[PDB]
Amino acid sequence: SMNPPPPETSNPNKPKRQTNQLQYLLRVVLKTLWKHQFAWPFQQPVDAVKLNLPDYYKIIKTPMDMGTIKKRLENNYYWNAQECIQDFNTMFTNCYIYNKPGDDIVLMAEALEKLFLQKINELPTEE
Ligand SMILES: Oc1cccc(-c2[nH]c(-c3ccccc3)nc2-c2ccncc2)c1
Ligand SMILES: Oc1cccc(-c2[nH]c(-c3ccccc3)nc2-c2ccncc2)c1
């Protein structure tokens with residue numbers, strides 16, 4: 001087995017928009033989560049080859065990671081905040097689906113999710 005290409009992060013055929021909510025997601029949410037002590041396994045796509053997890057992409061058909069989210073944000077890939085929030089949620093869910101509950105990697109994801117939700121709660125009104 002081999003890794004799939006990473007998720008698309010740039011699409012010239014896809015309308016671009018810059019909003020205060022998207023800006024917050026990049027300059028606050030992404031930035032805060034990236035620097036968290038538990039962030040590192042989520043900073044790039046799961047390398048199933050390097051990690052010897054040959055069944056990862058047999059199970060996870062919608063991979064997502066914060067490296068991809070960073071690229072989508074800085075490329076203005078998203079039209080709205082919900083698209084980005086969905087990517088974060090997918091990342092967390094993938095971890096919970098693939099890994100046994102209570103495993104270290106799951107506990108790390110759970111804490112990151114708690115912080116994510118805390119920052120999402122303070123999402124500024126679309127002005
Ligand atoms: O063999 C295992 C068991 C559990 C986690 C890891 C695991 N290890 C790493 C990792 C990431 C960066 C550097 C070094 C290791 N990332 C993961 C991972 C696995 C599944 N989803 C997200 C991240 C490897
Ligand atoms: O039970 C838990 C809960 C959370 C993280 C870990 C956790 N597990 C590991 C780890 C690292 C290498 C091999 C096997 C496990 N590192 C951490 C960790 C803890 C705190 N800060 C950074 C990394 C274990």
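Let me begin by describing the structure that accompanies this report. (Residues numbered from 1 in each chain as written, not as in the entry; some residues may be left out. Chains lettered and ligands numbered in written order. Heavy atoms only, no water.)

## Brief notes about the nonpolar core
Operational definition: Residues grouped as a nonpolar core are buried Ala, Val, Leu, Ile, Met, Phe, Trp, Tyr and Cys residues, joined through side-chain atoms within 4.5 Å. The buried label applies to any residue whose accessible area, calculated with a 1.4 Å probe on protein chains only, is under 20% of its type's maximum; exposed applies above 50%, and partly exposed to all values in between. A run of DSSP states H or I qualifies as a helix once it reaches four residues; a run of E qualifies as a strand once it reaches two. Both are numbered from the N-terminal end. Any pair of residues with heavy atoms lying within 4.5 Å of one another is described as a contacting pair.
Counting residues in each nonpolar core, the largest one holds 28 residues, and the members touching the most others are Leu25 and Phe88. Sorting the residues of this core by element identifies α1 (20–34), α3 (66–74), α4 (81–98) and α5 (104–120) as the ones contributing at least two each. The residues touching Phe88, leaving out its near neighbours within four places in the chain, are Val29, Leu30, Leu33, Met66, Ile69 and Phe116. Core analysis: the next-biggest nonpolar cluster, separate from the first, contains 5 residues, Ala48, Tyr57, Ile60 and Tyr98 among them.

## Considering the site of ligand 2
To keep it simple, the criterion reads: For this purpose, a residue is taken to be near a molecule or strand whenever a single non-hydrogen atom of the residue falls within 4 Å of it. Side-chain atoms alone can form a polar contact between residues adjacent in sequence; in general such a contact is a pair of N or O atoms within 3.5 Å, and within protein one must be able to donate a hydrogen while the other accepts it. The residue classification treats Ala, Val, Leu, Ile, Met, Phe, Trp, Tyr, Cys and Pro as nonpolar and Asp, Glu, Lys and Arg as charged. All others, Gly included, are polar.
All residues in the neighbourhood of ligand 2 are listed as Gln37, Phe38, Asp104, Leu107 and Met108. In this structure, a nitrogen atom belonging to ligand 2 sits 2.9 Å away from a side-chain N or O atom of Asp104. Along the lines of polarity and charge, the residues of the shell around ligand 2 split into 3 nonpolar, 1 polar and 1 charged.

## So, the site of ligand 1
Put simply, the test is: For the accessible areas, the method is Shrake-Rupley and the probe is 1.4 Å, while residue cover comes only from the protein chains on display. Using only the protein atoms, space was sampled on a 1 Å grid; points where a 1.4 Å probe fits but cannot get out form cavities, open sets with protein on both sides within 12 Å along at least five of seven lines form pockets, and lining residues are those with an atom within 4 Å of a point. A molecule is counted as occupying a cavity or pocket when more than half of its atoms fall within 2 Å of that pocket's grid points.
In the neighbourhood of ligand 1, the contacting residues comprise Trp40, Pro41, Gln44, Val46, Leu51, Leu53, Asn99 and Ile105. Considering ligand 1 on its own, with 520 Å² of exposed area, one finds that the protein chains cover 65% of that surface. Spatially, ligand 1 is embedded in the largest pocket. Among the residues making up the shell around ligand 1, the classes are represented as 6 nonpolar, 2 polar and no charged.

## Describing the pattern of salt bridges
Between side chains of opposite charge, a pair can form as their charged atoms come close. Worth spelling out the cut-off: Definition used for salt bridges: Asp or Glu carboxyl oxygen within 4 Å of a side-chain nitrogen of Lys or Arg.
Inspection of the entire model under this criterion finds 4 salt bridges. Between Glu126 and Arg17 there is a salt bridge, with the nearest N and O atoms lying 3.9 Å from each other. Residue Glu126 is located in the segment after α5, and its partner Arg17 is located in the segment before α1; the two are separated by 109 residues in the primary sequence. Using a relative accessible area of 49% as the deciding quantity, one classes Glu126 as partly exposed.

Geometric descriptors of this kind do not, in isolation, establish any biological role.
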